[PDB]
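Engineer: Just so you know, the sequences run in chain order A and B. For the first sequence, the positions run 1 to 209 when the working numbering is used. For the second sequence, the positions run 1001 to 1215 when the working numbering is used.
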Amino acid sequence: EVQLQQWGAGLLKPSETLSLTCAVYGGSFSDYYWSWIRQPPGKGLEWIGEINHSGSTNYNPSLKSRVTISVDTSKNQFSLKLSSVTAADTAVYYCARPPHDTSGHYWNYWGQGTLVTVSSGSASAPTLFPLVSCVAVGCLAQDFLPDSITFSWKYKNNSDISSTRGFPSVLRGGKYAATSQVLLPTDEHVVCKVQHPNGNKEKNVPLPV
Amino acid sequence: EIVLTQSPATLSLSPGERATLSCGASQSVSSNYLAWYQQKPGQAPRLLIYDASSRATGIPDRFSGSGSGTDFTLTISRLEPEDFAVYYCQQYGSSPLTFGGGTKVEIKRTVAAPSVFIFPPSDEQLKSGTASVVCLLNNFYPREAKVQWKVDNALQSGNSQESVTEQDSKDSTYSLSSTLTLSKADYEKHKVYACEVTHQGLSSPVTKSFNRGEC
Ligand SMILES: *[C@@H]1O[C@H](CO[C@H]2O[C@@H](C)[C@@H](O)[C@@H](O)[C@@H]2O)[C@@H](O)[C@H](O)[C@H]1NC(C)=O
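#1: Between which two residues does the alpha helix (DSSP H) carrying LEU1126(B) extend?
#2: Given a threshold of 16 other Cβ atoms within 10 Å of its Cβ, counted over all protein chains shown, does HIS1190(B) qualify as buried or as exposed?
#3: Looking at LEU82(A): is its Cβ nearer than 9 Å to the Cβ of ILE37(A)?
#4: Could you check what DSSP says for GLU1082(B) in three-state terms: helix, strand or coil?
#5: So what's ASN1032(B) in DSSP terms, helix, strand or just coil?
#6: Within 8 Å, do at least three Cβ pairs link the stretch 143-152 of chain A to the stretch 182-201 of chain A?
#7: Specify the secondary structure class of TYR1187(B) as computed by DSSP and reduced to three states.
#8: Answer yes if the stretch 1107-1121 of chain B comes into contact with the stretch 1134-1143 of chain B, meaning at least three C-beta pairs across the two stretches below 8 Å, and no otherwise.
#9: Please report the distance separating the alpha-carbon of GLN1125(B) from that of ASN204(A).
#10: What residues match up with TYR1141(B) in a beta bridge as DSSP calls it?
#11: According to the Cβ coordinates, are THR1173(B) and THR179(A) closer than 9 Å?
#12: Would you say residue 1216(B) reaches chain A, if we count a Cβ-Cβ gap shorter than 9 Å as a contact?
#13: Please work out which residues of its chain come closer than 6 Å, Cβ to Cβ, to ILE1059(B), disregarding the five sequence neighbours upstream and downstream, and give them in chain order.
#14: Within its chain, find whatever has a CB closer than 8 Å to the CB of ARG172(A); leave out the 5 residues flanking it on each side and keep chain order.
#15: Please report the Cβ distance between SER84(A) and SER15(A), rounded to the nearest whole angstrom; I am assuming they are in contact, meaning their Cβ atoms lie under 8 Å.
#16: For the beta strand (DSSP E) that contains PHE1063(B), what are its first and last residues?
#17: Which term fits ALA96(A), buried or exposed, when burial requires 16 or more other beta carbons within 10 angstroms of its beta carbon?
#18: Beta-carbon within less than 7 Å of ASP143(A)'s beta-carbon, same chain only, minus the 5 sequence neighbours each way: which residues are those?
#19: Compare the beta carbon distance of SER1169(B) and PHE1140(B) with 9 Å and say whether it is the shorter of the two.
#20: Would you check if the distance between the CB atom of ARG1046(B) and the CB atom of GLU1106(B) is smaller than 9 Å?
#21: I'd like the list of long-range same chain contacts for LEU1011(B), defined as Cβ closer than 8 Å, with 5 residues on each side in sequence excluded.
#22: Candidates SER1160(B), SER1054(B) and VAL1164(B): which alpha carbon is nearest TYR1033(B)'s?
#23: Less than 8 Å between the CB of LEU207(A) and some heavy atom of ligand 1, yes or no?
#24: Between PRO130(A) and ligand 1, is there a pair consisting of the residue's CB and a ligand heavy atom that are separated by less than 8 Å?
#25: Between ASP1152(B) and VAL1206(B), which are expected to be in contact by the criterion C-beta below 8 Å, what is the C-beta distance as a whole number of angstroms?
#26: Would the beta-carbon of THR1020(B) be found less than 8 Å away from any heavy atom of ligand 1?
#27: Restricting to runs no shorter than 3 residues, where is the beta strand (DSSP E) found entirely within the stretch 129-174 of chain A?
#28: Identify whether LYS81(A) lies in helix, strand or coil by the three-state DSSP scheme.
#29: Is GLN195(A) close to chain B? Criterion is C-beta to C-beta, closer than 9 Å.
#30: Below 8 Å, is the gap between the Cβ of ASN204(A) and the nearest heavy atom of ligand 1?
#31: Helix, strand or coil, according to DSSP, for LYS1040(B) in the structure here?
#32: Would you mind telling me which residues of chain B sit closer than 7 Å to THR68(A), beta carbon to beta carbon, in chain order?
#33: Could you tell me the boundaries of the beta strand (DSSP E) in which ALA1194(B) lies?
#34: Starting from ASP1171(B), trace the beta strand (DSSP E) in both directions and tell me its first and last residue.
#35: Taking contact to mean at least 3 C-beta pairs separated by less than 8 Å, is the stretch 6-15 of chain A in contact with the stretch 110-119 of chain A?
#36: For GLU202(A), count neighbouring C-beta atoms within 10 Å of its own C-beta (all shown protein chains included) and say buried if the count is 16 or more, exposed if not.
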């Protein structure tokens, strides 16, 4: 019944300014209070503020100095500006709308969310090293930013491995790391592949004896 | 702001059981203006109940909500498999609008002790100047497990990171990965590297280790 699309830059540096936009395809654009909410990874939700087509706004007081929300009634879009970010601003940011003009501010229409990471680092593709036991083999992805990595494992006779297991990424020193493992019950090796915005990479992982 | 505190934080039940979750307010909330949402990994929150006890369109009537004042509660009368997830409450009785910390409803199963694996740093990795020693525990339940690192039995501390998976959808267990990170200097400088694991499905801790070199 209503669609909300979001867009905006996903990787920033300390003290730059965050900017996100949300467009509405669907009912009337008119009397609702449209909101911005956000969610740091691992933690819960926090409301930032809201606005209607005629410009009146309401902000959460713990962000009120750094925030500005505004609307464009010419394109049915609204947007959020958050200045001086620091690493605490990293989070998934959603837009949303309440079901009626005349009621509680609870939300039944949401956008899909934009993850925004704030770091001093600079985009970079992983470097890969293998993990052999001194059966289980593994792969280490290191020094990547932002955090969007994907892993896949293949046999030497090209065909997918599926006894696989992957772990969330950890954050050490402005950048990330992540590990993946395969559990196997000739061939002299097996293959570890990762995909990442800054570059796909491969590495053969030797079999132990 | 009104603070909302949800408990428990984790709920282990079985498919078919009944779940009952709490959301306490630190002030009373006007007109029962309280709502509950459901959240699944990587997805936006979905509305279940609004105005403390009305249900949203399409929501099955096993969900029900009651309360008023400063104690609101959510009841799911018969856990079905799609019901396992994270639930939040939210008040809209006064600004700023606020949310509780969420309670996760996990599947209960029979305890299972983990398999442990240890892995030394690669030569390539060593050549670049840092050392990463990796300990891997697989397929355990419940979730709580302690991992302690030992280097020549000198209990390490403040230099390891852990990461946990989501409850697996085949057998409902968890897997965890631990990383000890040293500089090449430091790695070279010692000899026995060990990973020590305690878990309720184990009668005493398990230890896995290797010697620098023989590998
Ligand atoms: C593709 O490889 C599949 C798995 O390879 C196993 O081979 C063992 C000999 C050992 O070396 C391990 O690498 C693997 O567990 C194998 O089962 C398929 O038959 C292969 N070829 C075809 C025809 O698909």
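Note that the Cβ used here is the ideal one computed from N, Cα and C, for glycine as well.
Structural biologist: According to the structure shown:
#1: 1123-1127
#2: With fewer than 16 Cβ atoms within 10 Å of its Cβ, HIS1190(B) is classed as exposed.
#3: no
#4: helix
#5: helix
#6: yes
#7: helix
#8: yes
#9: 15 Å
#10: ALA1112(B)
#11: No, the Cβ-Cβ distance between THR1173(B) and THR179(A) is not below 9 Å.
#12: Outside the displayed range of chain B (1001 to 1215) lies residue 1216(B), so it cannot be described from this structure.
#13: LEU1048
#14: none
#15: 5 Å
#16: 1063-1068
#17: buried
#18: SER124, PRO126, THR127 and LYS175
#19: no
#20: no
#21: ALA1019, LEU1021, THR1103, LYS1104, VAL1105 and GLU1106
#22: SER1054(B)
#23: Checking the 8 Å criterion, the Cβ of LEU207(A) is within range of a heavy atom belonging to ligand 1.
#24: no
#25: The Cβ separation is near 19 Å, so there is no contact.
#26: no
#27: 136-144, 150-155, 164-166 and 170-172
#28: strand
#29: no
#30: no
#31: coil
#32: Correct list: empty, because the minimum Cβ distance to chain B is about 17 Å.
#33: Its beta strand (DSSP E) spans residues 1192-1198.
#34: Element bounds for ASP1171(B): n/a, residue is neither H nor E.
#35: When Cβ pairs closer than 8 Å are counted between the two stretches, the stretch 6-15 of chain A is seen to touch the stretch 110-119 of chain A, the count reaching three or more.
#36: exposed
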